[PDB]
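Okay, so here's the structure we're looking at.
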Amino acid sequence: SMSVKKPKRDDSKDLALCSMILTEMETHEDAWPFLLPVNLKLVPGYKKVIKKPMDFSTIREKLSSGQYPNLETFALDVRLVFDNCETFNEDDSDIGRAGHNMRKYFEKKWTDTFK
């Protein structure tokens, strides 16, 4: 509350560390469904169904331009990528499986880096 603060967690390396995580997601072999925005002219249903599209390139641009206020808003966009993928793709598809695998990979890196 006013003039009463919990001790200051060092957040000065968060930007660099989110960048490193994102590089590791970018270079994973199962990243291919997620590297670029879904082409809304060429994929029927996507525009109407997926209210907030997200992809790695879009996260990389937001990161590089100071559009994440803190590391939690960065994790929310990453998870949005996987949540979208589960919304649109059967679990038993190449892309459905890619999404589960990438989410697992992300969540481990997140915990090991920050928890």
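Numbers here simply count residues along the sequence, with the first being 1. Only heavy atoms go into these numbers, but all of them, side chains included; no hydrogens, no water, no symmetry mates.
Pairing each heavy atom of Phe88 with each of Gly45, the nearest pair is CE1-C, 3.9 Å. The two residues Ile50 and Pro53 have their closest heavy-atom pair at O-CD, 3.5 Å. Between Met54 and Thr58, the shortest heavy-atom distance links the atoms SD-CG2, 3.6 Å. The two residues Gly99 and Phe82 have their closest heavy-atom pair at O-CD2, 3.8 Å. Taking each heavy atom of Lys51 and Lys48 in turn, the nearest pair found is NZ-O, 2.8 Å. Across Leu71 and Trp110, no two heavy atoms sit closer than the pair O-CH2, 3.2 Å.
Panel note: side chain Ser65, backbone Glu61; a donor-acceptor pair is recorded below 3.5 Å. Within the 3.5 Å criterion, the main-chain N or O of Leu80 finds no donor-acceptor partner in the side chain of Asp77. Under the 3.5 Å distance criterion, the side-chain polar atoms of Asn84 are matched with a main-chain donor or acceptor of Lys52. In this structure, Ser1 contributes its side chain and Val4 its backbone to no donor-acceptor pair below 3.5 Å.
How far CD1 of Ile21 is from NZ of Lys109: 8.0 Å, rounded to the nearest 0.5 Å. Rounding to the nearest 0.5 Å places CG of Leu22 at 6.5 Å from CD1 of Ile59.
Scanning for side-chain contact (heavy atoms from CB on, under 4.5 Å) contacts around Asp91 gives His100, with sequence neighbours left out.
Under the 4.5 Å side-chain heavy-atom criterion for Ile, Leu, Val, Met, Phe, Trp and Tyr, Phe114 and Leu63 are members of the same hydrophobic cluster. With hydrophobic clusters built from ILVMFWY side chains whose heavy atoms lie under 4.5 angstrom apart, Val78 does not share a cluster with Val38.
The side-chain heavy atoms of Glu86 and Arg103, taken from C-beta on, include a pair separated by under 4.5 Å. Annotation: side chain of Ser19 is not in contact with side chain of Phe74 (no heavy-atom distance under 4.5 Å).
Other residues, nucleotides and ligands contribute more than 12 heavy atoms inside 6.0 Å of the CG atom of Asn70.
For the residue pair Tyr68 and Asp14, no side-chain donor N or O sits within less than 3.5 Å of a side-chain acceptor on the partner.
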Sequence neighbours excluded and cut-off under 3.5 Å, please list the side-chain donor-acceptor pairs for residues 26-37, or say none.
{"from": "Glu26", "atom 1": "OE1", "to": "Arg60", "atom 2": "NH2", "distance (Å)": "2.9"}
{"from": "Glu26", "atom 1": "OE2", "to": "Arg60", "atom 2": "NE", "distance (Å)": "3.0"}
{"from": "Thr27", "atom 1": "OG1", "to": "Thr23", "atom 2": "O", "distance (Å)": "3.0"}
{"from": "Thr27", "atom 1": "OG1", "to": "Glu24", "atom 2": "O", "distance (Å)": "3.4"}
{"from": "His28", "atom 1": "ND1", "to": "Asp30", "atom 2": "N", "distance (Å)": "3.0"}
{"from": "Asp30", "atom 1": "OD2", "to": "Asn101", "atom 2": "ND2", "distance (Å)": "3.1"}

